[PDB]
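Note: hydrogens, waters and symmetry copies are ignored here, and every other heavy atom, side chains too, is used. The chains referred to below are lettered A, B, ... by the order of the sequence lines, with proteins before strands, and numbering in each begins at 1.
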Amino acid sequence: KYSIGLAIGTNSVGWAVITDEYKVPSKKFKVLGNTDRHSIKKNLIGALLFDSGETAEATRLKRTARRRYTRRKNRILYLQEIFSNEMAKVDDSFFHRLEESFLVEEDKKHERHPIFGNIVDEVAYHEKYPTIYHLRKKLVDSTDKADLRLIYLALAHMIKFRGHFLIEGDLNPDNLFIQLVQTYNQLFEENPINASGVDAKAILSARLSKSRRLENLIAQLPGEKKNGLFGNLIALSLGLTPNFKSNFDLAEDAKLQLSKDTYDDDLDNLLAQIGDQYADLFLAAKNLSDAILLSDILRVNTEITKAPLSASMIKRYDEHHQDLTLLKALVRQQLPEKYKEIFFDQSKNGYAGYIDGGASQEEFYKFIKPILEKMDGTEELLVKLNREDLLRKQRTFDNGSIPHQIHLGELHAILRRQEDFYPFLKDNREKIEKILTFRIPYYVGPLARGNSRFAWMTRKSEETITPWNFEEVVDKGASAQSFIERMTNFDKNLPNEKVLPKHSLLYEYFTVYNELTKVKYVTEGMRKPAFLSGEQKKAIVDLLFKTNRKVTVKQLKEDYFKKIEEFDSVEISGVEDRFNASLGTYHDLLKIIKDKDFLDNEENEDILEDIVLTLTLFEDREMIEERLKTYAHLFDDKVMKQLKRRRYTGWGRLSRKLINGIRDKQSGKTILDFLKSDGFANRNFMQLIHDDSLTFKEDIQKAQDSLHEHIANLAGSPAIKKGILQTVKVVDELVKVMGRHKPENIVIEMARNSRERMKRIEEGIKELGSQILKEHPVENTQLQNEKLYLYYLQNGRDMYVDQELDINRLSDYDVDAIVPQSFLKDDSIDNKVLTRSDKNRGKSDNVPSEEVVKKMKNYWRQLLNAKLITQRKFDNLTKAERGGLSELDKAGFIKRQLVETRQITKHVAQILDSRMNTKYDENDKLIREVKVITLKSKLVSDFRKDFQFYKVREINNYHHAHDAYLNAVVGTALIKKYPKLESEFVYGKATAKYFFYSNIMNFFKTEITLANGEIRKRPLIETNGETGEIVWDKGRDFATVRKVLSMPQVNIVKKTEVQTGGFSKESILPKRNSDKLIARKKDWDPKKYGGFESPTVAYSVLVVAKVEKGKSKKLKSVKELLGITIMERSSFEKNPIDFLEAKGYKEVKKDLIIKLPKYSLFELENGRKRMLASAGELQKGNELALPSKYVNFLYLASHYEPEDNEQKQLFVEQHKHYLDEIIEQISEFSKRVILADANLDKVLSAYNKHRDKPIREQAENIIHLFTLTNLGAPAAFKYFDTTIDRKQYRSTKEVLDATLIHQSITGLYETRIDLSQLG
RNA sequence: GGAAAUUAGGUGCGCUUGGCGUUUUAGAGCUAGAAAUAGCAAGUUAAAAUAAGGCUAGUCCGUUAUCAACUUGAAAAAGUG
DNA sequence: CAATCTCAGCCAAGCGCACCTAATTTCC
DNA sequence: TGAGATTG
Ligand SMILES: [K+]
Ligand SMILES: [K+]
Ligand SMILES: [K+]
Ligand SMILES: [K+]
Ligand SMILES: [K+]
Ligand SMILES: [K+]
Ligand SMILES: [K+]
Ligand SMILES: [K+]
Ligand SMILES: [K+]
Ligand SMILES: [K+]
Ligand SMILES: [K+]
Ligand SMILES: [Mg+2]
Ligand SMILES: [Mg+2]
Ligand SMILES: [Mg+2]
């Protein structure tokens, strides 16, 4: 008889075996190998430790990058093949010189000057074209016949770096405002604007923030204000999106953005509300935006050149040359003794480090700004710097804004210019344009041919896919359909039927009727509330749901029960405020087709379901139009144009065959039929498919993975999923240890940034239109502080008082929990606010008082509309106006502190339960031999603090094993004391439930001071009430737990793992004469070309062999640890001997090769242990088993901040000698197994320095000292403010004669190999 | 313990794309001096690589998951205290 | 040799599906 | 946190 306790974490699985007396057993286990030791005694408690499991995301991002480098290469190969025959007539080695440009001259097969193959022509090219954009601009505008090699380089540069695809359609640069002003002055003939003299080009295209440009433009318009209509429109032409609610005295918020796909719909929404006479105002705003859309990237007049992008880069180049000549002359004239640092020293962030060194543009500006401010004549240079427009390069981080249409424009222009002289450029013009513009649809995927586990594409024809034959060779329709269909759910009720689109008309009829059919109404005179009949439900649908997008309860009472039913008063149940379901698609299609009778005709049901299916399945508007033209004769061509733009996303939970297909046999009605009319029963969906008097249930019944696959497919972090599979393996081994007998119980407990924070605040403050970010700038790293993070999430205001907060007074403010943390265990931003004083929340019993909600609800709404607070947060802030926290609400919160509700933890329980319990009884009911109990961490956590079983994580890893043990003790004792709780904890009025769950753990204590201020007494022996079984002896059982937590022998096992992943560090270092760098390609010798550093060792191998020594190459026997790198692993494993001989080894003892992955364990002298960090470095392999009296002392001494704390404080004073006893424990342990006397001396020296410090502070910093003794990799630590650096063990020689220890997953089964016998 | 709907927030898997960086080479450095050097001039660009590579040869695949030892088995697996 | 210093690929866009948690209505 | 280089 025994039970198993388990603690499942992200990097550990604790485990323990207990008997019915809560003792941990011990056994003699056989010891295999070749050593003196035949057996060993081990306690049945320990913890498996492992490195974190990783998601597949990084692997995915690298797989994408590989495909894009491959495809970018093919774009160039496509272009070169087109140029191939004609280039062979101009220069038969031009493409060869390009391919070998990387090679040193000695390795080159052709002349070293790539473009022209001789130095005079090469020098002359760069003289005439200092940048490629000079050549691109020349080839666009000039009419001369150009060298075919220069044509290629210009086109290749555009194709290789082609710009983004975020803008759909065609772009044609062309650089109006006087017309829009004249337009507004017509639509508002009584209130005209005068824009005479307003330089609209300079004000709006200026570099500053758009909020400032808006102010600059409005400053030139007297009588107009920024939040006026015209002021709000200026943002629409600029690219922002303001709200026009107050401009038109609207009731609902309405915004507009030109770049969004819903602009024409939101404009139709606004124009249908304000009057079509305003169409010309948004029309002139859209006409102005076309000419000023590329003003950020096209800083050049478009009438002077057809290559404004390359012209803009030449502008960067020219201003760079002018300003560099200026800067040099200034420094030479004023600060001559700083010229060498600025323009020669690459190590400094001056111009030299900017051009030749590793200084970025941002680092160069920071270095040079104080130099400019100190000197005279740097007026314009300072302005360019603060505009981030000084001495700019052309290839820069901000070129991501360039759309591919801009590069396409110059590409097309060069082709038009030069096709007049080269016939092949005319015949391949559209082919070349296709190379630049073609983009593999994301709904097609990799263009594979049966060897990619990621691909789904199918081909119309079996031939190579090119950018020019893609539409003909690839079946886009079937591929796009497969893309979705391989991922969408099937109806769990009819597993062979696909679910409907979420926006299907039938699906929304189902949702509306399912909700409607359970509404009840009662009026004065009715005996009881009545359901709605079929005629009443149809009347409500036709009258309300088919005329309003949403249906409120007020509309139901006034527009149906009053007008139709002639009820003055009526009470409604089954719906609150408004109906949740609605016929959204019905009103979408009504506005598009403008034919209500068509929508209401049931004959058109199949057509409308296929239309919405097409709109949901496909995203490409042209594929949608293609799939819709079977119905083109049904609609006006203008309607079809709007129909193809109406796209939907998302799928429902049920199939069409379920909701309106299968029929009840006796009635002949489908499920939707019953929802529309079901006599006076009004059975809903759940009732219909569970009713034995209908045939839906039986038809759904007649329609109805390995362990690793099952766990892998679970939802949750792949980190926690690693511990789940390891937990199952730990349990399997423990059962085998206990003679294949299964346990009585298994108690499981499962443990519970700066980039996104800056984004939520930037997006939120922009939504509010606040200038808090300009008044108080921040960095993404500063928002890690929770008080400063709350300051910006609240726009610098108090959440409980309508007042500004002081950003320099955050230390005096309070961080209060919305729902008091005494009820719920939420310390996240969603349950915290920043207030001046927490007392202003109201009372501490409940949610913030009603008075606070009445004052701050509107302010909270603006934060909710800016995503600065979540809906769950807003609902918790405002819960007082809905009764606050009810007595039931308090009982649920305290219950959820005990009963684990996470789905992932239930899956672990289910997994263990279905593996332990496999038999069935006479009634074919499962026989639950093993009870799987789930506990929350707070249960054992409180048990530790209540009975002085304290935990200090930094001391060692034993706390994982102790946690699992206490889980088993508390779990079994709880189920023994209260067997009724098995429904809550075993897999398989309101005040009373609150008081019950509040005192569920009281049976452990002897004296209990409850909340009501009373003292209860319980006997030393707690028993179950029904049986006579004793469950807890408050004398001997606590002592048994104390003996367990003090046992020094705990099986801590670091899981040995082969290392996988990248071959090495990714940096390409410069060439060096070392043999440490790794070639980037087969023939790229790092002595000439540089290469990679630091290869990752996959595992090490023990090699007993001979190696040649000296010029004579005489053979000498060696025993060595050889690191097999990740890149080498496949070759080594394919033939180990040939691999080792290629490394220089001879006469390898083949059967003595031992594979030694990372963390392989070795024992040396005096119990000292080491783990392999690699082939050349070791990790610490021992655990410091600090006695329990010292662990409890450190906990109480470090946590100085009931009145019984005096008794705890007193115990600290009487045992102040424990501080020196702990230092001696650390010293003796370190002198035995750590062997870092330099650091240890600095430890003892730092400890003697701070013996005058308060005892709490000394106890806090002693906890840091255990970093020296911790298991695993050495790490730096500090004692008070003395930093002690790590001592690495960068030699593996000593383990070659030590004892190698192979451990099973629990560490109970050992094989020990004495390596000194090898050699 | 489940189901649908509504509202909101998270996570996973997969696909298609943009911009940098880095590396080697190309962009004639000049003058004085035997040289060491010194005084100047110059700098913004490009090519190519971006896991070595692989066979299945695709505009495909190559960094996740999973792994003590021993025995029998190539392998898969099973077994051993 | 040791003690000590030094270094580590990054930023961005769009799209699809499937899960999970947490409050609400209605049900099994 | 392994490992390359520099300093002692
Ligand atoms: K050569
Ligand atoms: K004004
Ligand atoms: K550089
Ligand atoms: K630089
Ligand atoms: K560059
Ligand atoms: K509602
Ligand atoms: K769609
Ligand atoms: K038509
Ligand atoms: K791995
Ligand atoms: K890893
Ligand atoms: K192991
Ligand atoms: Mg790229
Ligand atoms: Mg490649
Ligand atoms: Mg580049």
Side-chain donor-acceptor contact under 3.5 Å, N514(A) with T511(A): no
Phosphate OP1/OP2 of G18(B) contacted by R68(A) side-chain N/O (<4.0 Å): yes
Gap in Å between the two P atoms, one belonging to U66(B) and one to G14(B), rounded: 15 Å
Ring centroids of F685(A) and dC27(C) base under 5.5 Å with planes under 30°: no
Span that lies between the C1' atom of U50(B) and that of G62(B), in whole angstrom: 14 Å
Residue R67(A), side-chain heavy atoms: nucleotide from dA3(D), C61(B), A47(B) that is nearest: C61(B)
Pairing of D398(A) and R392(A) as salt bridge, 4.0 angstrom limit: yes
Residue-phosphate contact under 4.0 Å: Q1059(A) side-chain N/O, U66(B) OP1/OP2: no
Phosphate OP1/OP2 of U17(B): any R439(A) side-chain N/O under 4.0 Å: no
Donor-acceptor pair (no angle test) under 3.5 Å: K1065(A) side chain, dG4(D) base: no
Base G43(B) to side chain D356(A), donor-acceptor N/O within 3.5 Å cut-off: yes
Sugar-phosphate only, base, or nothing, as touched by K1081(A) at under 4.0 Å among non-hydrogen atoms: sugar-phosphate
Integer-rounded Å distance: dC17(C) P and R486(A) CZ: 12 Å
side-chain N/O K62(A) vs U63(B) OP1/OP2, d < 4.0 Å: no
Under 4.0 angstrom between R66(A) side-chain N/O and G53(B) OP1 or OP2: no
Any donor-acceptor N/O pair under 3.5 Å between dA3(D) base and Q1288(A) side chain: yes
Exercise: do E1093(A) and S1067(A) side chains pair donor with acceptor under 3.5 Å: no
North (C3'-endo side) or south (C2'-endo side) for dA12(C) via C1'-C2'-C3'-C4': north
Distance-only donor-acceptor test (3.5 Å): side chain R1080(A), base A49(B): yes
Salt-bridge criterion met for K73(A) and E99(A) (N-O under 4.0 Å): yes
Classification of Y442(A) side-chain groove contact, 5.0 Å threshold: minor
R71(A) vs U16(B): side-chain N/O to OP1/OP2 distance below 4.0 Å: yes
Side-chain H-bond candidate by donor/acceptor type, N713(A) with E709(A), under 3.5 Å: no
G27(B) OP1/OP2 closer than 4.0 Å to side-chain N/O of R112(A): yes
Glycosidic class, syn or anti, of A35(B) using a 90° window around 0: anti
Residue pair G39(B) and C30(B), Watson-Crick or G-U wobble, under 3.5 Å both: yes
Whole angstrom value for the distance that separates P of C15(B) from CG of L61(A): 10 Å
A65(B) OP1/OP2 closer than 4.0 Å to side-chain N/O of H708(A): no
Rounded interatomic separation in angstrom, taking CG from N682(A) and P from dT26(C): 14 Å
G-U wobble or Watson-Crick pair formed by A8(B) and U31(B) (both under 3.5 Å): no
Pair of N/O donor and acceptor under 3.5 Å linking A47(B) base with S101(A) side chain: yes
Separation between the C1' atoms of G53(B) and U25(B), rounded to whole Å: 24 Å
Side-chain N,O (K73(A)) to OP1/OP2 (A49(B)) below 4.0 Å: yes
Donor on one side chain, acceptor on other, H407(A) and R136(A), under 3.5 Å: yes
Phosphate OP1/OP2 of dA3(D): any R1290(A) side-chain N/O under 4.0 Å: no
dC19(C) OP1/OP2 closer than 4.0 Å to side-chain N/O of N489(A): yes
Contact under 4.0 Å: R395(A) side-chain N or O vs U45(B) OP1/OP2: no
Aromatic stack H690(A)/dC28(C): centroid gap under 5.5 Å, interplanar angle under 30°: no
Value in whole Å for how far the P atom of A49(B) lies from NZ of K1071(A): 21 Å
N/O (side chain, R60(A)) to phosphate O (OP1/OP2, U16(B)) under 4.0 Å: no
Position toward the 5' end of RNA chain B (nearest nucleotide), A56(A) or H1302(A): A56(A)
Below 4.0 Å: OP1/OP2 of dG9(C) and any side-chain N or O of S1067(A): yes
Among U59(B), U25(B), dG16(C), the nucleotide that comes nearest once only the side chain of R459(A) is considered: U59(B)
Check ion pair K315(A)-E319(A) (N to O, under 4.0 angstrom): yes
